[PDB]
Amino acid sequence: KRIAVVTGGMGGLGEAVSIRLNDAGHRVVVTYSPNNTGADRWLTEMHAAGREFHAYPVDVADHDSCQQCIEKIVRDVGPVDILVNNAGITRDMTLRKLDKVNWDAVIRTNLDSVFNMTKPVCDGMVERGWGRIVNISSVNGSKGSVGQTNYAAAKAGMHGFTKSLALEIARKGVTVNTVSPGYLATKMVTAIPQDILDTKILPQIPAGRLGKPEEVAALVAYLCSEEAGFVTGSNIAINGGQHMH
């Protein structure tokens, strides 16, 4: 089996990605953040639903934390074949209100994380002549959003990274792609009051519904498959038609 690492693999989209990659026959390793005290309960729950994951702590905003995390995974589980950079946060405020701490938290967590997690896995992928790296961006990287100068900068920057790295390692059988989801039915979105969902969110989506986390997971599984080896440097929109270009 291919070994896959999914950052934020216990969160909304992350769990759906982890579940799908497991179901596709990959051996899945998730990370959990310093704020996450529920790793044991999550592992037990996942096993109750028939699935075995490995879990390791990491701070994706810290270079050394990432290096050490990957070192342990290679030691305990094995060489990393697939990396899904899914960890990310929001700190939404208009530029007028936005302070440096909240600019920084988003750039460091959402963009530095791509450098920090991808650098320690690439050499092995290249050496073996096979790898898949998938970066989870956002429709808001593509179109921008009010309150998201920080988030859009980070998420658009992710795709700049995708393209440069794709060029460096495409010849070695490693693909690097960006996935840009629209609104998904994760906890923080399904919690939105119905009046706002009906008048402000759903009318932006031609499909007329939220995307399922499982649908984004399916796209990630496709990119991670043996038959997706000719797709590289791309940014795939999965947004119900919310944005087209």
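We number the residues from 1 along the sequence you see.
For the pair 109 to 117 and 89 to 97, the mean Cα B-factor is higher in 89 to 97. Mean CA temperature factor is higher for 99 to 107 when stretches 99 to 107 and 148 to 156 are set side by side in the entry.
Highest C-alpha temperature factor among 177, 31, 180, 44 per the entry: 44. Taking only the listed residues 136, 83, 169, 74, the entry reports the highest CA temperature factor at 74. For residue 184, the recorded CA temperature factor ranks within the middle third of the chain's modelled residues. Among the modelled residues of its chain, residue 1 has a C-alpha B-factor that falls in the highest third, as given in the PDB entry.
Among all modelled residues in this chain, the alpha-carbon of residue 163 has a temperature factor (C-alpha) in the lowest third. In the PDB entry, residue 24 places in the middle third of its chain by CA B-factor.
Among the modelled residues of its chain, residue 13 has a C-alpha B-factor that falls in the middle third, as given in the PDB entry.
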